[PDB]
Each structure stands twice: as structure tokens, then as C-alpha cells.
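Below is one structure, written out as C-alpha cells; the observations come after it.
Please treat every number below as a calculation from the coordinates, not as lab data. Reconstructed Cβ throughout: ideal geometry from the backbone, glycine too, with neighbour counts over all protein chains shown.
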Amino acid sequence: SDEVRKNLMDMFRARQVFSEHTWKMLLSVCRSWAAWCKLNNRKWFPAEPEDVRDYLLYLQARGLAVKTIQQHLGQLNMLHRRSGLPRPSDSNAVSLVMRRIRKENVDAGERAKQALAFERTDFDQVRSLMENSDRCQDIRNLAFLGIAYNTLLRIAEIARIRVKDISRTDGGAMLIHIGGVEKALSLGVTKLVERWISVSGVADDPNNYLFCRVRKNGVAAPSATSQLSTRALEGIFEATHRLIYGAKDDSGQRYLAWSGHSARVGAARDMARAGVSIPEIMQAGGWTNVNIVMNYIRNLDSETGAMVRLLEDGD
Amino acid sequence: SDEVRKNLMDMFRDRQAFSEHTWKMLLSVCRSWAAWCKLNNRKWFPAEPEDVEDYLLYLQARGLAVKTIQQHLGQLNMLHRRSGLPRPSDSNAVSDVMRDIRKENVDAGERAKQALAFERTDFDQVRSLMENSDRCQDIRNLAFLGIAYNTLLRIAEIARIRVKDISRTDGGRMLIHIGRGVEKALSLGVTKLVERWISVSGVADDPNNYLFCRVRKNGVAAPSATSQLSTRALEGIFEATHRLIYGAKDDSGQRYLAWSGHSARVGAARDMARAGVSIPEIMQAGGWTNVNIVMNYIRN
DNA sequence: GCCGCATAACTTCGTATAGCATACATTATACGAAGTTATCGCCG
DNA sequence: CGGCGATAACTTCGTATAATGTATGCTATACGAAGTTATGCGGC
């Protein structure tokens with residue numbers, strides 16, 4: 001440990017700093033390698049292409065997702081470059097191994113996984129159910145869900161939202177500007193969020209964040225700083241899935257329940273089935289032209305084939 | 001030439017997989033390079049970045065398309081790689097020249113050219129013209145075209161099609177499963193057309209056998225249990241019919257002076273775009289991944 | 001009115017996995033041409 | 001009379017140009033889990 005700690009501090013003395021995810025993951029990798037390499041009683045710091053290859057094949061016996069391994073290799077080349085060692089690990093052995101394990105895993109026919117959608121029908125059902133709720137937590141949560149299903153923001157960005165951002169206007173319509181884009185909230189959900197705001201008294205200071213901690217007492221306490229409890233919001237999605245359905249399946253699989261994506265996905269598919277003009281959608285999404293969108297669209301019934309009819313028809 | 005044969009067989013040593021197209025084009029690039037390099041009396045096998053520079057300058061003096069010059073560069077990289085030599089031609093000079101000549105070529109403002117469209121209206125016209133025709137080879141060609149405009153594929157895909165592929169159903173509708181795959185449907189009038197072809201020809205009694213097989217100047221057809229690779233001949237059909245609706249080609253020698261294998265697919269695509277409907281599901285049925293090319297079929 | 005200590009909400013960590021902009025690597029097309037084939041023409 | 005001439009109807013080849021694909025350097029995320037706080041629920 002102290003070896004990697006020291007080496008990473010010596011790198012940090014270059015005063016380059018990664019993303020926190022980046023640096024985290026990097027250190028994790030360094031741990032993993034040094035531990036396996038010591039287990040094989042090989043020098044942990046200086047790599048060897050046959051030792052790296054053996055490691056890689058050990059990982060393949062571990063059954064890891066190829067992408068992971070690839071990521072490992074990337075990390076290693078990164079370390080070389082930024083250490084000033086040969087950025088590429090010796091490509092013949094490395095690339096031949098990569099090609100082998102790539103093709104061998106592709107031959108499994110495995111898929112890049114997709115989060116389950118959250119439907120508009122589910123949203124309407126949970127609205128009908130929770131609208132009866134007197135619990136301010138339930139009011140807040142339904143308001144949050146309505147906001148999400150309108151705006152489809154990044155979860156961290158909806159967590160970022162701060163009362164100085166928010167404005168509302170005729171009909172009770174509400175508008176929120178963020179770095180710089182303003183999005184509009186439709187009248188009924190402006191009234192719902194007003195109910196939340198007024199009942200909680202949360203964030204009377206516009207510095208303060210719209211959603212704030214609520215104790216088991218049922219008491220909100222405002223915060224002048226972000227709670228960042230995105231894991232808690234994910235727990236909300238779990239709870240609501242565990243309300244419309246039971247607990248998660250015992251398979252230990254991912255995507256066994258709704259996730260912060262799932263609403264985004266759902267509304268995207270809803271717009272696709274509505275068939276509204278595509279560039280409109282992409283502009284509203286702030287979105288690069290992306291076949292991801294079409295992988296959404298991919299999962300839809302539209303296969304009418306009318307041209308056979310029109311050929312037979314039209315006469 | 002035999003020197004080039006020896007040289008390329010030598011480098012072909014350390015054999016590795018290619019498409020036949022890829023190996024053909026590789027060998028053609030090697031021909032061009034070896035001829036040029038011998039003309040320059042330079043070492044044929046080892047590269048030098050100043051030699052690559054001079055070669056590229058010569059290719060620019062020939063005014064070849066920058067895409068093809070780049071492709072040659074690519075091929076050179078390839079041969080280094082697979083022979084075990086350094087992939088990159090020394091990048092800073094190479095890249096700088098690349099960029100500069102790229103800019104200079106884009107400064108020409110040239111267009112991506114597009115094949116001559118074909119319409120339902122054209123189909124109607126040619127059908128009205130040829131429906132009187134007794135020649136079974138004409139019935140063959142027309143049946144072929146009516147399928148193509150129903151299905152709008154690669155020419156290779158339609159070539160593959162085998163009588164075992166084909167079935168027909170209620171209303172006399174006919175369905176064909178193709179690729180790994182998709183089943184497509186044939187509209188009634190062209191069903192009757194293709195049935196006339198099949199019944200008159202007697203072709204492919206075994207469903208192994210292909211729907212279209214050779215004709216003879218005798219006015220005779222010979223069935224084939226094997227793919228005949230008609231496709232170039234099918235292009236000849238497209239050209240012949242173009243030379244029926246019009247005279248000979250212009251002497252400009254340009255591409256897209258007449259209908260091409262694209263022409264039916266692109267045509268029906270624009271037809272649907274003018275119908276203005278079903279964008280994603282029709283793109284699905286044609287199998288395109290979303291691309292600006294689709295837009296420039298649609299754009300007008 | 002203090003000790004016990006709970007459920008709950010929340011922080012942090014681990015690791016297995018998913019996004020994506022770009023350069024340049026792999027496959028196909030469009031075309032003019034040479035070369036085939038076997039079948040009929042038909043001399044006198 | 002049946003040869004070669006000529007053909008239809010076809011195939012293999014060489015040229016130049018595009019369409020198609022992906023992996024690379026950097027980012028963020030899904031789900032379990034231990035651990036944390038805390039104050040309020042329970043007793044006498």
C-alpha cells in the first residue's frame with residue numbers, strides 16, 4: 001500500500017489532478033495489480049509483458065467484462081505515459097491477447113445492458129396513489145418525480161437546483177434557469193411544488209436548495225448547501241419500485257428496479273412513440289446526434305410497411 | 001512485372017487474413033507504388049517520409065481524390081504494420097501535409113454525387129411499354145426490377161436469393177426471408193409478374209435452384225443450381241433500359257449518367273420522403289443507421 | 001430522568017460497468033474492358 | 001456441309017472513389033455493504 005501511496009503522491013507532486021472518479025479508479029487498479037503481482041511473487045512496480053499477459057488471462061479466468069480489462073490496460077498505458085515509461089505496453093502480445101479475448105467474448109453474444117424504463121402510466125399511477133398522502137415526504141417525492149419526468153435533467157443537476165434559480169409566472173407556470181438554459185414547469189406541477197415549498201417552509205433563502213433533509217420526526221430542516229444525497233434519491237426509486245412491485249429479484253442482477261435513468265428513458269421513448277419532430281427532441285435534449293436515441297426507438301412497434309399497400313393502392 | 005510478383009509474394013509471406021476486395025486493392029496499390037518507385041529508382045520496400053512526401057506531391061499533381069491519396073497512405077501503414085514495420089509514416093510531416101492537402105482539396109468545393117433516381121412513375125411507364133412483351137427474358141428482367149423496387153436492397157442480396165427462400169400465402173401474397181433476417185412482402189401486380197416469369201421459364205424446379213438463370217440467344221433459358229453472379233449483368237439491364245428511355249450516354253464519362261444499383265433504393269426512399277412519413281420504421285426497413293447521407297437523399 | 005439502544009436516514013467505500021468524439025482502419029461500389037461459348041448462319 | 005464467322009449472353013479483370021466501422025483518452029454510474037449519527041422510543 002505505502003508503495004502505491006508514495007508513488008501516487010509523487011505523481012500528485014506534478015500537480016496534475018484527475019477527475020475524482022479517475023484518480024480513485026486509478027489507485028484501485030494500482031492496488032489490484034500490486035496485490036496479484038505480489039501473490040505471484042513478482043516485482044510489483046516494474047511490469048513485464050508476459051507477466052501482464054498472465055494477469056490478463058487470470059482476469060479472463062475471473063470472467064470479467066472485457067471492457068474492464070481494456071480499462072485496466074488503459075490505466076496501465078496512462079501510468080506509463082504520465083510516468084514517462086513507454087505509454088504502449090508491448091502491442092504484439094498485448095494486442096494479440098486483446099484480439100483473442102475480444103473475439104472469444106463477442107462469440108458469447110453478450111449485451112451492453114439497458115436500464116428499465118419508467119412509464120408514463122407508472123407515473124400517473126404513483127401520482128394517483130401519493131396525491132392522497134398527507135406525508136410531506138411523499139409530497140416532496142411526488143413533486144420531485146414530476147419535476148424529473150418533465151425536465152429529464154441529469155440527476156446531479158436536479159440535485160444541484162437552488163431556489164435562486166426558480167421563477168414562476170402566469171397560470172402558475174414556473175421557470176428555472178441553469179448554466180445557461182431555462183426550462184418551464186407546467187401549471188399543475190408548479191402548484192404541486194408550491195404545496196411542497198409552502199408546507200415545508202424549505203429554502204426561504206433563495207441560496208437554499210429546494211429539497212432538504214427530513215428527519216424521521218417528519219420534520220424538514222433546510223440546508224444552505226447541497227445535501228448531495230443522490231444515493232438517497234436512488235433509494236427513493238428503489239422504494240417506489242418496491243411499492244409498485246415487491247423487492248428486487250434474488251438474481252443479483254442490475255436493472256432489477258427503476259433507476260434515475262429509467263424516467264429519462266421512459267419519457268424519451270414516450271416522445272418517440274408520440275413521434276414529435278426529431279431535431280426538436282435533440283435540441284431539447286441538448287443532445288448530439290446519437291444512435292442511442294435510435295436504440296430507444298429500436299424497441300418500438302412501428303413497422304407498418306404501408307408502401308406495399310400504397311403500390312397496390314394509389315391506382 | 002515478375003519482379004513485382006516476387007516482391008509482393010515475399011511480403012505476402014507472413015500471411016494474414018484479408019477480404020478478397022482488400023487483397024485486390026492492396027495489390028493494386030503495391031503495383032502503383034512499385035511502378036512509381038522504380039521509375040524514381042528508389043528502394044521499393046523501405047519507406048522514407050520525404051519519399052512519401054514526394055509521392056503525395058506527385059499524386060496531387062495528378063489531381064487524384066484526397067480520399068484515395070489518404071487511402072494509399074493507409075495501405076502503406078497497413079503494409080508496415082503487417083510486415084512488422086512501424087505503422088506511422090513519420091506523423092508530424094505526414095500529418096501536417098495531410099492536413100494541408102485536405103484543406104486544399106476541400107477548397108475545391110466538390111460535391112458528393114448521387115445516382116440517378118427511379119420512380120414509381122418510371123416503373124408505370126416502363127411497365128406500360130413492356131407489358132406487351134412476349135420474351136421470357138424481358139419478363140425475367142421486369143420481374144426482377146419489380147422485386148427490386150419492392151425490396152430495395154444490395155444487388156448482392158437480391159443475387160443471393162434462392163427459390164428455397166420464397167413462399168406465397170393468402171391473396172397470393174409472397175414472402176421472402178433474407179439475411180441472417182427479415183421477411184419481405186411482394187405487392188400483387190408484381191407477384192403476378194414474377195409468377196408469369198416463373199411459370200413461363202420453368203426455372204429452378206428444385207428450390208435449391210435460383211430464380212434467375214442464364215438465357216440464350218436461342219430464346220432459351222438454362223436454370224442454375226448455383227449463383228451466377230448476374231449482378232454486373234443486372235447493371236447492364238439498368239443501363240439497357242436507360243438507353244431505351246434515352247439515347248446513349250454522354251461522352252463525359254462521368255458516373256451517375258444513368259440508373260445504378262442505388263437508383264431503385266434511393267428512388268423509393270425519396271418517394272417515401274416525399275410521402276413524408278414513417279421516418280424511423282422505414283429507415284429500419286431499409287436498414288440504414290441514421291446518417292446525413294439519408295438526409296441528402298431526403299433533403300430535396 | 002437516566003440508561004439502554006433501537007430504526008431510520010445518511011456517508012463512505014468498493015468494483016463492475018456504461019458513456020462518447022475522433023482518427024484512421026476495413027469493406028464496397030462504379031465503371032471500361034478483355035476474354036468466353038455454344039449456338040446458328042450458310043456456300044454452292 | 002459443316003467449317004469458320006458471327007452472335008448473344010455472360011464472366012474476370014483493373015482502374016479510381018465511398019461507405020462503413022471502431023477504439024482510443026477521459027469522463028461518470030449501479031448496486032451491496034459496513035459504517036455512521038441521533039434522537040426518540042422503551043424500561044423503571
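Going by the conditions given, is A:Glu110 more than 12 Å from DNA strand C (Cβ to nearest atom), out of contact with any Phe, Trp or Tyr (no Cβ under 9 Å at 6 or more places or on another chain) and among the acidic types (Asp, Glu)?
no
Only one of A:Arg15, A:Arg42 is at negative phi and of a type outside the set (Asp, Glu). Can you tell me which?
A:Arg42
Scan region A:263-281 residue by residue and report those that are touching a helix residue (DSSP H, G or I) at 6+ places or on another chain (Cβ under 7 Å) and among the small types (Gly, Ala, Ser).
A:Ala263, A:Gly266, A:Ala267, A:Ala268, A:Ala272
Which of the numbered conditions does B:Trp197 fail, given that it passes all the others? Conditions: (1) surrounded by fewer than 18 Cβ atoms within 10 Å (Cβ to Cβ); (2) closer than 24 Å to B:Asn132 by Cβ.
(1)
Only one of A:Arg269, A:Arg242 is more than 11 Å from chain B (Cβ to nearest Cβ) and buried (at least 17 other Cβ atoms within 10 Å of the Cβ); which?
On inspection, the qualifying residue turns out to be A:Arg269.
Examine region B:277-300 for a residue that is in contact with an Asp or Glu (Cβ under 6 Å, 6 or more places away or on another chain) and within 14 Å of another protein chain (Cβ to nearest Cβ), and state whether such a residue exists.
Yes; the residues of region B:277-300 include at least one that is in contact with an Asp or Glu (Cβ under 6 Å, 6 or more places away or on another chain) and within 14 Å of another protein chain (Cβ to nearest Cβ).
Out of B:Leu85, B:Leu57, B:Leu73, I need the residue that is out of contact with any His (no Cβ under 9 Å at 6 or more places or on another chain) and not in a helix (DSSP H, G or I). Which one?
B:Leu85
Only one residue in A:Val94, A:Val66, A:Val29, A:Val17 is of a type in the set (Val, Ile, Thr) and over 25 Å from A:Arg111 (Cα atoms), so which one is that?
A:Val17
Which residues, counting only those in region B:118-150, are surrounded by fewer than 22 Cβ atoms within 10 Å (Cβ to Cβ), in contact with an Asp or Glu (Cβ under 9 Å, 6 or more places away or on another chain) and not charged (D, E, K, R)?
The answer is B:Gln125, B:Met130.
Tell me whether region B:251-264 contains one or more residues that are within 14 Å of chain A (Cβ to nearest Cβ) and either under 17 Å from the mean Cα position of the chain (by Cα) or more than 10 Å from DNA strand C (Cβ to nearest atom) (or both).
Looking for residues that are within 14 Å of chain A (Cβ to nearest Cβ) and either under 17 Å from the mean Cα position of the chain (by Cα) or more than 10 Å from DNA strand C (Cβ to nearest atom) (or both), one finds at least one in region B:251-264, hence yes.
Do any helices (runs of 4 or more DSSP H) lying entirely in region A:244-315 carry at least 3 residues that are in contact with a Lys or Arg (Cβ under 8 Å, 6 or more places away or on another chain), and which ones are they?
A:260-274
Within region A:1-16, count every residue that is out of contact with any helix residue (DSSP H, G or I) (no Cβ under 7 Å at 6 or more places or on another chain) and hydrophobic (A, V, I, L, M, F, W, C).
3
Against the conditions (1) near DNA strand C (Cβ under 10 Å from one of its atoms); (2) outside any helix (DSSP H, G or I); (3) of a type outside the set (A, V, I, L, M, F, W, C), where does A:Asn41 fall short? Just the number, please.
(1)
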